[PDB]
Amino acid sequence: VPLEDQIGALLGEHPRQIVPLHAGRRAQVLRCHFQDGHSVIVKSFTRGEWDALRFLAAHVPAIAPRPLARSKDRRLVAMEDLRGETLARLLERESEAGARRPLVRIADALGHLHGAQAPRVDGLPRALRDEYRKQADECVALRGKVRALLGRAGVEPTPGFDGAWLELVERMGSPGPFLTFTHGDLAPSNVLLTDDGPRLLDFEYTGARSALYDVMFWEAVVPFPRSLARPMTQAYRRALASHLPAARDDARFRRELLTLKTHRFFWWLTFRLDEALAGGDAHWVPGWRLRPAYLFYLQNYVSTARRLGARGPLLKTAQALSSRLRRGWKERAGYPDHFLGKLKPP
């Protein structure tokens, strides 16, 4: 059965036009236009967004597309076609000062999402409820991957690394009161600014995790200057703490922030560092060269972790790698092109 006919059967009516938007590794995203102009998004697979959209359908203020239909073999998923300005487009045209209010609004909306859904997290399907347990399991194996990669970079872990890693694993496996619904893959392309507030798209990586896992969006993943990341985390925390008493505790929140940032640094180091060491032309994402990106990630982790009171073997090992790669690479830490104007170098 042709895809167009499959979609028509799914929706109960034939779209006048099916426009491919994004080809992902797992799914094609399609905008389907009805004869009257109305549109929906269909994702075609050739797997928990559907369950996430169902789970969030009563969350207010609305933050996600409503689920519309899923085929019997689950290969086609239809959801609302939410429109707005992507955060990616906003960051390309705004100044730091001009981006602060929408970024604070996003951070606030995410804190309310995490806080409102923390008492509800057991209603997720079992595979999604268990996500933090699976990632903590994988954290154990990540130690050896990190040690081997550091060796290829010429750097040995500082004394006490393994004991400090065991503490990281234990923290990563005990989100406790911070356990909540997380989107899992927040990025400038899947956050919208709309006239009715922020919206989130692309829930493929939804799982039950520490609330702070999603905060890595601006604390560790997208290279926001600290002049924006700090007010975002403060606005996020005020919203989360309105729901969650544990977030009102300065030391508990700081510890959770530090755990997830430390995990993020060492986990994402394994993605492309070997490629960066080899030195071929490469990008972290389009517009952001790979060596400036890792130098940013190294500097941002060391500096912000130190501010959060980190002073152990994991920080010292990151410091040693930073010093090596700064000497070895002629490149400097930098920001992406077309990103909040002319930023002072990090």
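Note that residue numbering begins at 1 and tracks the sequence as displayed.
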Could you tell me how many residues of the deposited sequence sit unmodelled between residue 46 and residue 47 (none, 1 to 3, 4 to 9, 10 or more)?
-> 4 to 9
Where do the C-alpha atoms have the higher mean temperature factor in this entry, in 73-81 or in 180-188?
-> 73-81
Output the stretch having the higher mean C-alpha B factor in the entry; the candidates are 193-201 and 109-117.
-> 193-201
Among 30, 56, 68, 293 - the residue whose C-alpha B-factor is largest in the record = 30
Could you say whether, by C-alpha temperature factor, residue 135 belongs to the lowest, middle or highest third of its chain?
-> lowest
Going by what the PDB entry lists, where does residue 147 fall on CA B-factor within its chain: lowest, middle or highest third?
-> middle
Of the three thirds of Cα B-factor ranks in this chain, residue 251 occupies the highest
Chain-relative C-alpha B factor for residue 217 (record values, thirds): the lowest
Taking the entry's C-alpha B-factors for this chain, is residue 161 in the lowest, middle or highest third?
-> highest
